[PDB]
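Q:
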Amino acid sequence: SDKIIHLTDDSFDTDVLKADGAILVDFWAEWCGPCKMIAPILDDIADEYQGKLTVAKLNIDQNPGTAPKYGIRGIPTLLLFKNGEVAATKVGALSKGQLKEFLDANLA
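Numbering (the authors' numbering), first residue to last: 1 to 108.
1) Since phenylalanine 102 and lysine 90 should fall inside the 8 Å C-beta cutoff, what is the C-beta to C-beta distance between them, to a whole number of angstroms?
2) Using the rule of at least 16 other Cβ atoms within 10 Å of the residue's Cβ for burial, across every protein chain shown, is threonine 66 buried or exposed?
3) Find the nearest neighbour of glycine 84 within the set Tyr49, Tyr70, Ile45, judged by alpha-carbon distance.
4) If you count every other CB in all the chains shown that lies within 10 Å of the CB of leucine 53, and 16 or more means buried, which is it?
5) Could you give the first and the last residue of the continuous alpha helix (DSSP H) run that contains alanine 67?
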């Protein structure tokens with residue numbers, strides 16, 4: 001919570017679907033080891049990608065509604081949205097190097 005949008009099921013439309021640009025949503029849970037591995041990396045990305053995209057996190061236990069809409073099974077799942085439409089999907093943990101390459105390739 002500096003640049004990261006802490007999303008809810010009620011805030012999801014406004015925060016993600018109505019945003020004039022790119023949003024990287026992280027579907028995640030507290031018990032999930034790989035999710036917690038990538039949190040510090042998302043902190044990094046949010047800073048590094050100022051003005052290019054916003055990072056948003058949706059905890060799928062506290063907010064149960066949203067994930068079934070996007071077919072999410074494995075977590076973490078990262079969905080790159082561009083103006084409310086999903087452009088790119090990444091399932092499971094990955095490094096900062098790997099995530100940057102994912103974003104750079106798909107933001108274009």
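Beta carbons: idealized from backbone N, C-alpha and C, even for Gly.
A: Result, derived from the coordinates:
1) Between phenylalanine 102 and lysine 90, the beta carbon gap of about 6 Å places them in contact (Cβ cut-off 8 Å).
2) With 16 or more other Cβ atoms within 10 Å, it is buried.
3) Ranking the options by Cα distance to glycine 84, first place goes to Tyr70.
4) Burial check for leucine 53: the Cβ neighbour count within 10 Å reaches 16 or more, so the residue is buried.
5) Counted as a single uninterrupted DSSP element, the alpha helix (DSSP H) harbouring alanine 67 occupies residues 66–69.
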